[PDB]
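A short worksheet on the structure shown next.
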Amino acid sequence: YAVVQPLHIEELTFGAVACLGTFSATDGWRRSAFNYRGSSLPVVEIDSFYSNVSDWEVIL
Amino acid sequence: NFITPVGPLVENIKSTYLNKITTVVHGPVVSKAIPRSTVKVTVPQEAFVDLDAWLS
Amino acid sequence: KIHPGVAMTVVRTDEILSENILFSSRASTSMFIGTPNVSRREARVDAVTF
Amino acid sequence: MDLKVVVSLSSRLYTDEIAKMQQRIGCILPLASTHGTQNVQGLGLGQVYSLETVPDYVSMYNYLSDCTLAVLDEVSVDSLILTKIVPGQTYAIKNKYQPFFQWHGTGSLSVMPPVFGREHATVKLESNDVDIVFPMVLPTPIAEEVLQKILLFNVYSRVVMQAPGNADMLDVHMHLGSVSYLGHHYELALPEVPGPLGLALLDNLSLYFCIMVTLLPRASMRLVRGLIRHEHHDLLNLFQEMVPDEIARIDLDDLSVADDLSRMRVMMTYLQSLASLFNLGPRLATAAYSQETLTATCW
Amino acid sequence: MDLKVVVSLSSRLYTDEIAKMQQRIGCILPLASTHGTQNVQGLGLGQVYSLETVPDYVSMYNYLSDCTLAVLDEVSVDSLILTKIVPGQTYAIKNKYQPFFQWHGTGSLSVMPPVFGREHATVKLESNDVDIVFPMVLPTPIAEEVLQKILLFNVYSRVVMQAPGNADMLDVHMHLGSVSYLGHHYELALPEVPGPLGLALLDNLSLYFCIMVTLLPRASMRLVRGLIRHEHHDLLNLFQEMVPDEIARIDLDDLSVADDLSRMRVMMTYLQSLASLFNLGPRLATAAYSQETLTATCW
Amino acid sequence: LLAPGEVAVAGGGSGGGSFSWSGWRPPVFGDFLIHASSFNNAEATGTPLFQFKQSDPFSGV
């Protein structure tokens with residue numbers, strides 16, 4: 001809001017948020033690697049997921 | 001608003017020209033393979049941010 | 001390090017980790033026992049809790 | 001599949017409080033842990049709402065939406081038996097809260113902290129050295145009405161710091177102090193000091209206001225200008241013959257549809273997210289209610 | 001679990017009215033009572049959308065949110081069979097709605113009151129002297145554009161009636177006349193330039209919108225000035241610069257605390273009731289759709 | 001598998017008619033047709049997906 005873009009009509013929005021599902025607290029989201037092409041990527045993994053999508057809510 | 005979340009992968013057929021992908025929308029994400037194996041949704045750790053620990 | 005008009009009184013509390021001894025005389029209490037059970041609850045996607 | 005908690009008391013309770021607790025059978029109160037056996041310390045709303053600390057009324061809301069509600073089922077000398085409220089089940093719940101509001105069939109209920117009084121909610125357990133504080137539930141139309149009353153007080157009490165004005169602290173207490181209902185007026189207990197987390201909620205509200213004020217459609221402003229003079233209406237009777245000077249100063253340029261259109265498009269997306277700010281608590285859906293039986297079937 | 005509901009008719013239907021209702025065999029009807037056997041006076045919206053009194057948009061919205069939906073399965077000479085819509089179940093619907101909008105798989109369907117003509121939503125049953133009215137089911141992104149355009153067309157029509165110098169009607173019909181979503185273009189119909197205040201659906205929606213618009217710059221300015229504290233939300237100062245010059249000059253002394261408190265309270269009750277209105281009410285999600293069979297797999 | 005309820009009850013008719021057991025709801029699957037060069041086959045089988053809503057009518061991919 002200070003460096004590049006103070007203000008305009010459409011350009012006011014900042015971002016949105018949606019919900020992707022409910023999983024059990026106290027567990028889940030361990031960390032693991034994703035091995036492909038002789039190189040790894042650290043990845044988290046969630047257990048017992050239950051997919052449940054809602055729409056986007058504007059944050060600003 | 002033109003991007004709609006769909007859900008985790010469940011099945012993927014690997015085809016030369018037009019693949020066929022099967023996800024699970026609104027339900028217990030469960031593997032459809034014949035010998036069952038637990039499915040766990042994976043997010044790159046670079047992007048995943050625990051909002052509950054940062055708060056603490 | 002000059003003195004103000006007043007003094008102070010300081011209070012503090014401490015903990016000891018005692019490792020005690022207990023004595024209970026014979027036939028002190030009488031107890032009644034009920035039958036135990038297992039119950040099912042919270043069947044999630046992969047896991048069921050009992 | 002099985003939804004039951006057994007809250008065990010350390011010490012037997014007295015014959016007067018077992019009788020008082022039984023009047024609350026069928027009432028909701030939120031417990032801390034979702035486990036089969038628990039202490040009394042997690043049971044009520046009592047820890048967040050204590051006698052030694054000021055009631056925030058917004059940290060209390062945040063405690064409800066985090067906890068897991070349960071319905072009191074059975075009371076004895078050494079136990080209190082409850083059934084927890086989980087998403088995918090239906091429940092039968094009674095209307096037994098003391099400031100009595102009457103429910104409609106096929107309405108939506110709301111759960112809010114004991115706004116009307118500390119004393120209306122608590123059953124004091126002096127045997128177990130605890131006060132069990134029940135939450136107050138309301139119909140949704142009136143619950144939102146009370147939540148608004150509480151927030152505007154956090155602003156206006158602070159705006160009017162110490163004013164000898166007969167107008168001030170008498171208008172803001174007659175307007176915001178009470179909630180009327182069918183043939184009744186119910187006083188609200190409002191905090192002497194508007195604490196944090198209540199002002200921090202109003203800070204977020206303002207951010208939405210600072211945005212919306214730049215994109216207001218002007219065609220909307222010119223309509224109210226024509227109606228406050230030419231026609232007579234009950235909605236606009238609030239404005240007298242006098243017209244807000246701000247509007248005449250805000251609206252000068254001629255109307256253009258293509259601009260007011262995209263103003264409406266951007267604005268409508270903020271109201272959709274604004275609504276998330278107001279719910280601020282758990283909501284129930286009721287499908288059947290008997291005026292005499294005082295038992296709903298909530299979902 | 002039994003979801004069937006049998007609607008019995010007082011008198012046999014004509015061989016024509018069977019052809020009319022069979023054409024709408026797959027579609028959602030809101031149900032007065034959740035019991036197994038029912039009357040015909042219950043299912044339509046003829047109670048809320050009636051020929052004798054003026055229809056309201058915000059009144060039908062309050063009804064559809066509470067009501068119980070249902071799906072038509074079979075029509076007999078003297079009968080109507082439906083199946084209730086309840087959570088945790090997957091249903092197959094068809095789209096038979098006279099103004100035709102295309103559906104998409106994995107989208108979000110919304111159930112909104114019929115803002116097009118009555119004739120498109122109704123089926124008249126002269127044999128029982130009732131008309132059954134269906135709600136309209138749009139994809140939510142289409143329903144939003146339709147709402148805010150007919151809402152503006154009502155504000156612009158009433159404005160040009162005051163002084164024709166305000167706006168140009170030909171430029172209005174071409175902007176607000178069309179709706180386009182995902183390469184599909186739909187030319188909606190507009191409610192015939194009503195003319196008096198109080199005869200159409202949206203007139204209460206526009207009045208609640210137009211009054212909330214005018215009160216906002218005054219009410220929003222009391223907040224940011226009243227909220228300034230020692231350590232407030234860090235974004236508070238940044239957005240306060242954003243407000244227009246003409247709003248920053250607002251003098252809070254022009255209105256007494258009593259009148260200022262009255263205007264702010266009226267604004268919040270419209271603001272809160274207008275937020276949830278724009279969420280478009282009860283929504284059905286989708287997981288499949290077939291253009292030729294017109295059948296969506298919704299839950 | 002050939003049972004009226006949405007979930008299979010074993011034993012055929014035996015133990016059949018409970019219909020209210022832990023409210024186990026089956027998953028609703030979705031099927032997508034993708035350009036094979038757009039999707040890398042080496043994906044984690046569980047990664048969340050996102051569909052961009054195209055703007056050409058009557059498409060098939």
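So you can find residues: chains in the structure tokens are A, B, ... in the order shown, residues in each start at 1, and ligands are numbered from 1 in order.
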Inset, instruction - Write out as a PyMOL selection string the residues lying within 10 Å of residue D:150, counting only C-alpha atoms and excluding same-chain residues fewer than 6 positions away. - result: chain D and resi 57-58+115+176-177+188-191+194+198
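Annotation: chain E versus chain D, same sequence, C-alpha RMSD 8.1 Å after least-squares fit.
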Legend entry - Interface list for chain E, partner chain D, 6 Å threshold, only C-alpha atoms, as a PyMOL selection string: chain E and resi 159+210+217+220+226+239+258+275-276+279
Inset, instruction - Within 10 Å of chain B, which residues of chain C are there when counting only C-alpha atoms? Please give them as a list in words. - result: residues 44, 45 and 46 of chain C
For the residues in the current selection, export N, CA and C atoms as a short mmCIF file (atom, residue, chain, number, x, y, z; two decimals), in the first residue's frame.
data_model
loop_
_atom_site.label_atom_id
_atom_site.label_comp_id
_atom_site.auth_asym_id
_atom_site.auth_seq_id
_atom_site.Cartn_x
_atom_site.Cartn_y
_atom_site.Cartn_z
N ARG C 44 -13.74 -41.60 12.52
CA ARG C 44 -13.25 -40.71 11.47
C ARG C 44 -13.05 -41.47 10.17
N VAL C 45 -12.34 -40.85 9.23
CA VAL C 45 -12.16 -41.42 7.90
C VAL C 45 -11.47 -42.77 7.97
N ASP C 46 -10.27 -42.81 8.54
CA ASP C 46 -9.52 -44.05 8.63
C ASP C 46 -9.65 -44.75 9.97
#
Legend entry - Close residues, stretch 6-15 of chain B itself excluded, 7 Å, only C-alpha atoms, min 5 positions apart in chain, as an MDAnalysis selection string: (chainID A and resid 51) or (chainID B and resid 20:25 31 41) or (chainID F and resid 36 41 45:51)
What does the file look like for those residues with N, CA and C atoms, as a tab-separated table (two decimals), in the first residue's frame?
chain	number	residue	atom	x	y	z
A	51	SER	N	-12.73	-33.74	3.12
A	51	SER	CA	-12.77	-32.61	2.20
A	51	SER	C	-14.08	-31.86	2.33
B	20	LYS	N	-7.16	-38.83	-17.31
B	20	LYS	CA	-8.42	-38.92	-16.57
B	20	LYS	C	-8.09	-38.92	-15.09
B	21	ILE	N	-8.46	-37.85	-14.40
B	21	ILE	CA	-8.11	-37.65	-13.00
B	21	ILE	C	-9.37	-37.77	-12.15
B	22	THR	N	-9.24	-38.40	-10.99
B	22	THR	CA	-10.36	-38.58	-10.07
B	22	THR	C	-9.95	-38.06	-8.71
B	23	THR	N	-10.65	-37.04	-8.23
B	23	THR	CA	-10.44	-36.50	-6.90
B	23	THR	C	-11.62	-36.88	-6.02
B	24	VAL	N	-11.64	-36.35	-4.81
B	24	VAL	CA	-12.75	-36.56	-3.89
B	24	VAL	C	-13.20	-35.21	-3.38
B	25	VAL	N	-14.41	-34.81	-3.75
B	25	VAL	CA	-14.99	-33.54	-3.32
B	25	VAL	C	-16.03	-33.86	-2.26
B	31	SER	N	-8.84	-44.05	-0.40
B	31	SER	CA	-8.27	-44.63	-1.61
B	31	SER	C	-9.19	-45.70	-2.19
B	41	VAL	N	-3.28	-35.99	2.55
B	41	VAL	CA	-3.09	-34.84	1.69
B	41	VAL	C	-1.75	-34.20	2.01
F	36	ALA	N	-2.73	-34.03	-21.17
F	36	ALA	CA	-1.71	-34.85	-20.54
F	36	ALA	C	-0.40	-34.12	-20.34
F	41	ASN	N	2.58	-36.60	-14.30
F	41	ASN	CA	2.06	-37.84	-13.74
F	41	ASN	C	2.63	-38.13	-12.36
F	45	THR	N	-0.59	-38.20	-5.02
F	45	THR	CA	-1.79	-38.99	-4.70
F	45	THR	C	-2.37	-38.55	-3.35
F	46	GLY	N	-2.95	-37.36	-3.37
F	46	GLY	CA	-3.41	-36.73	-2.15
F	46	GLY	C	-3.24	-35.23	-2.21
F	47	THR	N	-2.47	-34.75	-3.18
F	47	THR	CA	-2.28	-33.32	-3.31
F	47	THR	C	-3.61	-32.64	-3.62
F	48	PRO	N	-3.93	-31.54	-2.95
F	48	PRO	CA	-5.15	-30.81	-3.28
F	48	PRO	C	-5.05	-30.16	-4.64
F	49	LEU	N	-6.17	-30.15	-5.36
F	49	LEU	CA	-6.22	-29.68	-6.73
F	49	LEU	C	-7.09	-28.43	-6.83
F	50	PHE	N	-6.92	-27.71	-7.94
F	50	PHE	CA	-7.68	-26.50	-8.20
F	50	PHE	C	-8.03	-26.46	-9.68
F	51	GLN	N	-9.28	-26.16	-9.99
F	51	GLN	CA	-9.75	-26.10	-11.36
F	51	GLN	C	-9.96	-24.65	-11.77
Inset, instruction - Give me the residues within 10 Å of residue E:98 as a list in words, counting only C-alpha atoms and dropping any in the same chain fewer than 4 places off. - result: residues 24, 116, 117, 119, 120, 121, 122 and 136 of chain E
Inset, instruction - Could you give me, as a ChimeraX atom specification, the residues within 12 Å of residue B:46, counting only C-alpha atoms and dropping anything in the same chain fewer than 6 positions from it? - result: /A:31,33,41-44
Inset, instruction - Compute the set of chain F residues within 12 Å of chain B, using only C-alpha atoms, and express it as a ChimeraX atom specification. - result: /F:23-55,60-61
Since we have the selection now, will you write its residues out, keeping N, CA, C and O atoms, as a short mmCIF file (atom, residue, chain, number, x, y, z; two decimals), in the first residue's frame?
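Below is the file that was written, result-v3.cif:
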data_model
loop_
_atom_site.label_atom_id
_atom_site.label_comp_id
_atom_site.auth_asym_id
_atom_site.auth_seq_id
_atom_site.Cartn_x
_atom_site.Cartn_y
_atom_site.Cartn_z
N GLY F 23 -23.01 -42.48 11.27
CA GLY F 23 -23.26 -41.59 10.15
C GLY F 23 -22.18 -41.59 9.10
O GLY F 23 -21.84 -40.53 8.56
N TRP F 24 -21.61 -42.76 8.80
CA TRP F 24 -20.56 -42.84 7.80
C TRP F 24 -21.11 -42.45 6.44
O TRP F 24 -22.00 -43.11 5.91
N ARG F 25 -20.58 -41.36 5.89
CA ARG F 25 -21.02 -40.87 4.59
C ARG F 25 -19.98 -41.20 3.54
O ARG F 25 -18.80 -40.87 3.72
N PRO F 26 -20.36 -41.85 2.45
CA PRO F 26 -19.39 -42.19 1.41
C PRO F 26 -18.85 -40.95 0.74
O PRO F 26 -19.48 -39.88 0.79
N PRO F 27 -17.69 -41.03 0.10
CA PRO F 27 -17.14 -39.87 -0.60
C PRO F 27 -17.78 -39.65 -1.95
O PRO F 27 -18.22 -40.58 -2.62
N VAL F 28 -17.85 -38.38 -2.34
CA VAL F 28 -18.36 -37.98 -3.65
C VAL F 28 -17.17 -37.69 -4.55
O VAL F 28 -16.48 -36.69 -4.36
N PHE F 29 -16.94 -38.54 -5.54
CA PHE F 29 -15.79 -38.38 -6.41
C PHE F 29 -16.13 -37.46 -7.58
O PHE F 29 -17.28 -37.34 -7.99
N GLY F 30 -15.10 -36.81 -8.11
CA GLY F 30 -15.23 -36.00 -9.31
C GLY F 30 -14.26 -36.50 -10.37
O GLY F 30 -13.17 -36.97 -10.05
N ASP F 31 -14.67 -36.40 -11.63
CA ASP F 31 -13.89 -36.89 -12.75
C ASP F 31 -13.54 -35.73 -13.67
O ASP F 31 -14.44 -34.99 -14.09
N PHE F 32 -12.26 -35.58 -13.98
CA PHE F 32 -11.77 -34.49 -14.82
C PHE F 32 -10.99 -35.05 -16.00
O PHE F 32 -10.27 -36.04 -15.86
N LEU F 33 -11.11 -34.38 -17.14
CA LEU F 33 -10.36 -34.73 -18.34
C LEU F 33 -9.32 -33.63 -18.58
O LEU F 33 -9.68 -32.46 -18.71
N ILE F 34 -8.05 -34.02 -18.64
CA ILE F 34 -6.94 -33.08 -18.57
C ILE F 34 -6.04 -33.25 -19.78
O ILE F 34 -5.86 -34.37 -20.28
N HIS F 35 -5.47 -32.15 -20.25
CA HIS F 35 -4.36 -32.23 -21.20
C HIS F 35 -3.19 -32.95 -20.54
O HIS F 35 -2.70 -32.53 -19.50
N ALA F 36 -2.73 -34.03 -21.17
CA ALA F 36 -1.71 -34.85 -20.54
C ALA F 36 -0.40 -34.12 -20.34
O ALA F 36 0.36 -34.45 -19.43
N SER F 37 -0.10 -33.13 -21.18
CA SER F 37 1.10 -32.33 -20.99
C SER F 37 0.92 -31.25 -19.93
O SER F 37 1.91 -30.63 -19.53
N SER F 38 -0.31 -31.03 -19.47
CA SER F 38 -0.55 -30.03 -18.44
C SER F 38 -0.30 -30.58 -17.05
O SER F 38 0.09 -29.83 -16.15
N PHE F 39 -0.53 -31.87 -16.85
CA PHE F 39 -0.41 -32.50 -15.55
C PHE F 39 0.76 -33.46 -15.55
O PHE F 39 0.83 -34.37 -16.39
N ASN F 40 1.69 -33.27 -14.62
CA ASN F 40 2.80 -34.19 -14.46
C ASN F 40 2.32 -35.43 -13.72
O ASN F 40 1.73 -35.33 -12.65
N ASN F 41 2.58 -36.60 -14.30
CA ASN F 41 2.06 -37.84 -13.74
C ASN F 41 2.63 -38.13 -12.36
O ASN F 41 2.02 -38.88 -11.59
N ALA F 42 3.80 -37.59 -12.03
CA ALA F 42 4.43 -37.88 -10.74
C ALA F 42 3.88 -36.92 -9.69
O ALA F 42 4.53 -35.97 -9.27
N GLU F 43 2.65 -37.19 -9.24
CA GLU F 43 2.02 -36.39 -8.21
C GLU F 43 1.63 -37.27 -7.03
O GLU F 43 1.37 -38.46 -7.18
N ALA F 44 1.57 -36.64 -5.86
CA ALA F 44 1.69 -37.35 -4.59
C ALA F 44 0.47 -38.17 -4.22
O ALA F 44 0.49 -38.79 -3.15
N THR F 45 -0.59 -38.20 -5.02
CA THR F 45 -1.79 -38.99 -4.70
C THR F 45 -2.37 -38.55 -3.35
O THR F 45 -2.27 -39.24 -2.34
N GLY F 46 -2.95 -37.36 -3.37
CA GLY F 46 -3.41 -36.73 -2.15
C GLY F 46 -3.24 -35.23 -2.21
O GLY F 46 -3.79 -34.51 -1.39
N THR F 47 -2.47 -34.75 -3.18
CA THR F 47 -2.28 -33.32 -3.31
C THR F 47 -3.61 -32.64 -3.62
O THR F 47 -4.36 -33.10 -4.49
N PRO F 48 -3.93 -31.54 -2.95
CA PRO F 48 -5.15 -30.81 -3.28
C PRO F 48 -5.05 -30.16 -4.64
O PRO F 48 -3.99 -29.69 -5.05
N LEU F 49 -6.17 -30.15 -5.36
CA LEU F 49 -6.22 -29.68 -6.73
C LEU F 49 -7.09 -28.43 -6.83
O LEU F 49 -7.88 -28.13 -5.95
N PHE F 50 -6.92 -27.71 -7.94
CA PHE F 50 -7.68 -26.50 -8.20
C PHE F 50 -8.03 -26.46 -9.68
O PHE F 50 -7.17 -26.71 -10.52
N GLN F 51 -9.28 -26.16 -9.99
CA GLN F 51 -9.75 -26.10 -11.36
C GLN F 51 -9.96 -24.65 -11.77
O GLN F 51 -10.73 -23.93 -11.12
N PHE F 52 -9.29 -24.23 -12.83
CA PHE F 52 -9.57 -22.92 -13.41
C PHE F 52 -10.78 -23.02 -14.32
O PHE F 52 -10.83 -23.86 -15.22
N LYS F 53 -11.76 -22.15 -14.09
CA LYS F 53 -12.99 -22.15 -14.87
C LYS F 53 -12.71 -21.52 -16.22
O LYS F 53 -12.49 -20.31 -16.31
N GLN F 54 -12.73 -22.33 -17.27
CA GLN F 54 -12.44 -21.83 -18.61
C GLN F 54 -13.54 -20.87 -19.06
O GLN F 54 -14.60 -20.77 -18.46
N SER F 55 -13.25 -20.14 -20.14
CA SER F 55 -14.24 -19.26 -20.73
C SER F 55 -14.43 -19.55 -22.21
O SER F 55 -14.48 -18.62 -23.02
N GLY F 60 -14.69 -29.70 -23.73
CA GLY F 60 -14.70 -31.09 -23.31
C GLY F 60 -13.52 -31.44 -22.44
O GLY F 60 -13.47 -32.53 -21.86
N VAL F 61 -12.57 -30.52 -22.33
CA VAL F 61 -11.39 -30.71 -21.50
C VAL F 61 -11.36 -29.59 -20.47
O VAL F 61 -11.96 -28.53 -20.65
#
